């Protein structure tokens, strides 16, 4: 009568622990959703559901959104948190694809904070401000020339451009060294994201390269946003601790 329900409930509790350990919040919700008298069930369901929704729609976690004011900080940190969570569960193709856009976002954001007016945003895309001084543009032209490219003020800025801009404005920036781990997976990422190839982790030191690109993002965050509190880099661990206390 009650022995059966006690067994079922204790077993579900351990199952949810395993799933939560693998960041499978939607599966955990699935196991608890129909359980009537389960202790902390309502709060558990609410928290698992809001978390799954935040991940699916790329909504910054409420704790983060409430603690910090800078929108670029919050987005960078949030997408790092998702990135590291995907790596930790070995969603490796997804990790490989996302890392470059995060790196690009951090560098763009960094430049826009420290040299505002250098870059302008038009229709959601970054470009050199056409009001920029020839002193800057001349050096940039020289860097493009090393890269076998011509100067075009109307061209959309991408990762190579951000690296060149930073090379001119702050050549000692540690960002310029951290980004190399992101460049090292560029061809692999092209292969997976655009040519739809299989990711062979056991070839070309890919396990290691992908890991190092994720660590590179974390290091870039420490450099660009030193005001991020260290505990917020461990959001998922903290969240799993909270879930364990409810169970």
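Positions refer to the first chain, counted from 1.
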| request: Averaging the C-alpha B factors as listed in the entry, name the stretch that ends up higher: 72 to 80 or 119 to 127. | output: 119 to 127
| request: With reference to the PDB entry, specify whether the mean Cα temperature factor is higher for 139 to 147 or for 94 to 102. | output: 139 to 147
| Candidate set 215, 202, 197, 184 [ranked by C-alpha B-factor, highest] | 202
| query | Among 222, 67, 189, 58, which residue carries the highest C-alpha B-factor recorded in the PDB entry? | reply | 67
| Mind checking which third residue 208 falls in for C-alpha B-factor across the chain? | lowest
| query | Which third, lowest, middle or highest, does the CA B-factor of residue 52 fall in along this chain? | reply | lowest
| Lowest, middle or highest third - CA B-factor, residue 35 | middle
| field | residue 167 by Cα B-factor - lowest, middle or highest third of the modelled chain | value | lowest
| message | Per the entry's values, where does residue 28 land by CA temperature factor relative to the rest of its chain, in the lowest, middle or highest third? | response | lowest
